[PDB]
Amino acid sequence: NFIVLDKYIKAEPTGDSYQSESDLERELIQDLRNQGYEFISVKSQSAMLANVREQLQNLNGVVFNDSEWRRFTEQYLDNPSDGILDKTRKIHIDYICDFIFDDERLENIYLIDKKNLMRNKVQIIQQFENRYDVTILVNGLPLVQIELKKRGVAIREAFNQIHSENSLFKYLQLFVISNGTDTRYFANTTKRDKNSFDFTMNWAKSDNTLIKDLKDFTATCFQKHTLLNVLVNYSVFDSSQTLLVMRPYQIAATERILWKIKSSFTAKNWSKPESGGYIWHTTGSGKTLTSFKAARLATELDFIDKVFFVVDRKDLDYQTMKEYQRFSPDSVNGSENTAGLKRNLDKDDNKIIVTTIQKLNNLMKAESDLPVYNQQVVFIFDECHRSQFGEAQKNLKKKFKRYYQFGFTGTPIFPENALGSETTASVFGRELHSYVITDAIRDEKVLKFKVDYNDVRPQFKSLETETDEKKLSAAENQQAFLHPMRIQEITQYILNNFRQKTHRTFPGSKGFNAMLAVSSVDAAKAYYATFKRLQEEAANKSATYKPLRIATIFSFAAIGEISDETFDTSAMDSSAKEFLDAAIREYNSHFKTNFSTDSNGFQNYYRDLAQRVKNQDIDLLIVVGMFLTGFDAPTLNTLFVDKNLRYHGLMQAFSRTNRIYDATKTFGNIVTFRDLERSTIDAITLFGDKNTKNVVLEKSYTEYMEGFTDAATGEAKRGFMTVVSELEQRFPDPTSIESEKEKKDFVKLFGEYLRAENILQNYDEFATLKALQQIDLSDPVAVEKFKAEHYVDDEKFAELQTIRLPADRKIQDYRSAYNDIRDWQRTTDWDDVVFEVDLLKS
C-alpha cells in the first residue's frame, strides 16, 4: 500500500462549471467527502475549540470537565504565547500532553495517534469570517489549508500575494494552492529562506510523472491514508526548527526501502544484495534528508534491532553535525575514533546509530564479537565514496549475519567508471527508485549549470588545456600552474568579478557567495596570499574599496574522485601547517574566535567555517577538496575552479552551487581557469544520455540576447534585445501606459526584461557591455583601464560601442512605473500576470 503510486488512472471532469473558485470549491468538498472527510460547518474559533474538544475526547477515551478543558487549552492546546513554530513542535515532537485532572489522575492526551494513523478523525470546513479556502481538520486541528483560485490565475502570482487570528490556525502544517489546472503544496514555515515559490511542489507518481490538476491531486495526495502519512511520517522537523514536507520521489524511495526490509525479513532472505537495494537520487535532490529520514522510520520496525545511518566524513557540515548530535552525540565527526560509536552501540532503548564510514570501517577492523553482528540490522548509506566504502563492505559482508543494506547516490558506479570498485548494482542489488538530473531539472528542484573556461591568459593556455595526467601533476609548481602571474591574473579576475557573479553590484542587494576549488595545498597558499596582497593594494588606491572576506581550509590527502583530507592536522608538512596556522589566526581576529590547529581546534574551525560560508559571513572559501561533495549552502551560487575535476567529482563539486533558492538564483555559475568543457560533457553524459548536456547546461550569451527555443519545452524565449526593442517601440512612455490594457502588456513585457537582465548578469559578455555604458570615451586612461579589466582589444572595443542599450534613466522610469502598477493591484484581465517580485526587491 504505497502512497506514491506506480499506476494512476486520471479522473474524469464532471462536465459541470469548472472556471470559478466556487466551482473548484464545490468539487473539492464533494470529492473530499467521497474520500471519507466529514464536512462540518464552523463559524468561529469557539465552534472550533468545541469540535477539538469532541475529537480529542473521543481519540483519548476521556471526558474533560470545563475547568480542565479551559486549563488544557490555555496551557497546552492554545497557549496565547505560542507561535507557528511551537505548534509544529507540538505536532511533530510534543504531541502528548501528560495531563493532571482535577481529581489528580494523570492521562496522556494525544493530539494525533501516530501508531494507529487511521484512528484519527479528518474533517473539512470552508473559510469563515474575500478568499475561497478549504481547511482539513485532523482531530479538529487545522493541519492543511487549500487556497483555491480562478482558472487561469497564475499560480505563482497568487502564491506571492498570500506568502493570530484565529490562533488555532497556527497549527497548519501544509499548504496547497490550486487553480484547478495546477496544484502545488508546500510547508507552513516561518523560515523565509524556505518560503519562495521555488519550494512549492507537485504531487507525482513513482515514475515522477506529475499529478497537477486538483481533481487528480484530491484523489491521490488527499486520500486520508496518503495525506495523513505525508503529514505524520514524511514531514521532517529538524534541529533548526524548519518544517520540510517531503517531495514524492523522496517518499517513493523511503517507503520502497521500508517495504523491502519487511518482505526480506518475512522471506528470511537477509544479508544478500537481493535483500536491500539502492536509490539513485541526483546530486542535491535531498539524499541526506531522505536517507536519514528513512533510517529513522526503519527503527519503528519492531523486528529490526539496530539501524545504522552511515555518512562520509567528507560530507559533514554544521547543520548535519548539529542534527546527528541529537542521536549519536560526540560521535559523528572527522576523527578515526570509535569510542563514541561503540558507546552508542551499547545504549539500550535505542536503535538508530549514526556514524561515518571511516568510523564504521575502523570498528569492524578491530572488533570481532560484537553482539550487533548477529542481530537484525539495517544499513542506510548516504553517498559513501569509493575507497573507504570498499574495505568496509568486505568486513560488513564478513561480520554481519542478518543485514539489509541500502545506498543513496547521485553518481552510481557503472561498468564504465568502475575500474577499482564494485559497481553499485553488485553491492546493493536492485534500483529501488530513481530520480535523475533531467527529472530534477524539469521539476526545477535543482539548478542548471553555467560552465565557462575563462580563456584570457594566452601565456598559460597551453597548460590550462593539457589533458595527460602525468604532465598535469608535474605542472603543479611555480614554473607552471602556480606561476605568480597566472595566480595574479586569476585572482585579479575573481576580485574584479566576484560581485558581478554573486549579484552584489547594485545594492543594498544581499546576493550570494562563492567557493574557489584548487588543485593542491600550495595552490591554496598562493591564492590566499595573492588575494590578501591584491586587496591591500586596492585599499590604498581607492579608500571606498569594500573588501571581500576570504578564508581557506585544507589538510592532507592520499580518475573521477576528489581526494579525502584528514582531520588529523599532524599529517601535514610543516609549511602547510604553519600556513593554515596563520590563516586561522587571521580568522580568529576577525570573528573573535579562538580555534587552534590541534585536532580539536581544526575540527571546531571546520564546523564554524561551514556555518559562516552558509550564512555568508565569508565571501569566498578557498579549498583543495573539502566542502566539495556534501556541503549544503543555498545562497552559494558560484564555484571558481582552478582544479582538474572529472566524472563524479566534477558533478559533486559543481553541485555545491545547485541549490534552489528564489527567482534571483537562476543557476549556478562555474567559472574555470582550466578548460573543463570536455570533462563536463563526459561527466554529465556518464550520468544520463547523449542529450543530457542540453538540459543541464545553460544557453549562450548570444541566445539570451537574440532569442532561442528551449528544446525541452518548445517554449520560445524572447531575447533581451527583442524585449528592449519592444519596450521602446510600444512604450516610449508616459502616454503609452494610459489604458488598463497597455498597463497589463507593459508589466508582462517588463517582467521579461527583468528576468533577462538577471540571467544576463552572469555572462561576462554582458557585464563588459554594461561597464562600457559608464565611461568617458574621451578619457583615454579609463578607456585603457576598461580594456585590460575586461580583456577586450581595439577590435572588440570597436564593436561594443555599436550595441545600443537603454539608458539607466529610462530603465528606472520603467522600474518605478512597474512598481506603481504593482502597488495599485490592491476588462482588462489581470489573472495571468506574474509580477517579478523577487527580482525587484533585489
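Residue numbers here begin at 1 and follow the sequence given.
S.K.: So residue 826 and residue 827 are neighbours in the shown sequence, but is anything from the deposited sequence left out between them? Give the count as none, 1 to 3, 4 to 9, or 10 or more.
M.R.: In the deposited sequence, 10 or more residues between these two have no coordinates.
S.K.: Our gap detector needs a label for residue 74 to residue 75. Which class matches the unmodelled residues of the deposited sequence there: none, 1 to 3, 4 to 9, or 10 or more?
M.R.: Unresolved stretch here: none.
S.K.: Which wins on mean Cα temperature factor, 247-255 or 452-460?
M.R.: Comparing 247-255 with 452-460, the higher average CA B-factor belongs to 452-460.
S.K.: Which is higher on mean Cα B factor in this entry, 612-620 or 573-581?
M.R.: Higher of the two, by average CA B-factor, is 573-581.
S.K.: Maximum C-alpha temperature factor per the entry, among 468, 642, 703, 315, belongs to which one?
M.R.: Largest recorded C-alpha B-factor: 468.
S.K.: Quick one: which of 697, 446, 168, 475 has the biggest Cα B-factor according to the entry?
M.R.: Within the set 697, 446, 168, 475, 475 shows the top C-alpha B-factor.
S.K.: Lowest, middle or highest third of the chain for the C-alpha temperature factor of residue 340?
M.R.: Ranked within chain, residue 340 CA B lands in the middle tercile.
S.K.: Which third of the chain does residue 69 land in by C-alpha B-factor: lowest, middle or highest?
M.R.: Lowest third, going by the recorded CA B-factors of the chain.
S.K.: Which third, lowest, middle or highest, does the CA B-factor of residue 265 fall in along this chain?
M.R.: Tercile = highest for this residue's CA B-factor.
S.K.: Among the chain's modelled residues, which third holds the C-alpha B-factor of residue 53?
M.R.: As the PDB entry reports it, the C-alpha B-factor of residue 53 lands in the lowest third of its chain.
S.K.: Taking the values exactly as deposited, rank residue 32 by C-alpha B-factor within its chain and report the matching third: lowest, middle or highest.
M.R.: For residue 32, whose C-alpha B-factor we compare with every modelled residue in the chain, the answer is the lowest third.
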